[PDB]
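Encoded as structure tokens, the following chain is the form deposited without this ligand, with no partner shown.
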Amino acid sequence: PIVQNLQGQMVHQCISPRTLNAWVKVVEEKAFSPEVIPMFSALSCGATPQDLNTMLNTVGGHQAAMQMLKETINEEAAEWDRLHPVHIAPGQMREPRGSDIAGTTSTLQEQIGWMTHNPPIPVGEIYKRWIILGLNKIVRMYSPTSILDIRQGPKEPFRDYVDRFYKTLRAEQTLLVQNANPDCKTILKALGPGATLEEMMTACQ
């Protein structure tokens, strides 16, 4: 990543073993559960494109997903090249192409050069946006169940139903009342409109 030192210049630092290990584990344990994406974003804070490629490449399974991500990345790179065409002056900074931003045709030195320039071309933040676009599509695709099939069981506590319901909504990116069981539905209808979630859960406890 690029960090500020103790004396206030922006410098390159090796990706840490703890960071590498945390990512691989979270993917092993959680696959593409929606909470994996904010974890990715936080572990890749200050990342160069090389660091972002390292994190993606260290994943060993889920190679269907990692291929779909490559496709999304290539579409975003091609749209970048559409908006930002490029033509080098000895010793001068060249302009990045899509593939430079994705770290396939750029060196670490060029990446540091762009990201620390005054003003900076934040190639790591741009690439991370493309990656997260790609990851969100994967989360949606690997969502097991439609929100239409989340209905409260006759013996299911209302709290457990609401947990399943919002978990599903998150992955898919008055239905709550419609899908409640007969007993809670009756209570909820009687609360009248514009009830908060806290009030609905309280009433159905």
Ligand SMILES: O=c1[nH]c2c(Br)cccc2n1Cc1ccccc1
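A residue's number is simply how far along the shown sequence it sits, counting from 1.
Missing here is the form deposited with this ligand bound; even so, the following discussion is about that form.
Chemist: If I superpose the C-alphas around the site and drop in this ligand as it sits in the entry with it bound, do 3 or more of its atoms land within 2.4 Å of a backbone or C-beta atom here, i.e. is the pocket blocked or open?
Modeler: After the site C-alphas are aligned, the pocket of the shown chain is open to the transferred ligand.
Chemist: Within 4.5 Å of this ligand in the entry with it bound, do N74, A102 and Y127 each have at least one heavy atom?
Modeler: Heavy-atom distance to this ligand in the entry with it bound: all three under 4.5 Å.
Chemist: Does at least one non-hydrogen atom of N57 fall within 4.5 angstroms of this ligand in the entry with it bound?
Modeler: Heavy-atom contact with this ligand at 4.5 Å: present for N57.
Chemist: Does any part of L176 reach within 4.5 Å of this ligand in the entry with it bound? Heavy atoms only, please.
Modeler: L176 lies outside the contact set for this ligand.
Chemist: So in the entry with it bound, does any heavy atom of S33 sit within 4.5 Å of this ligand?
Modeler: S33: no, not in contact with this ligand in the entry with it bound.
Chemist: Within a 4.5 Å heavy atom cut-off, is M66 in contact with this ligand in the entry with it bound?
Modeler: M66: contacts this ligand in the entry with it bound.
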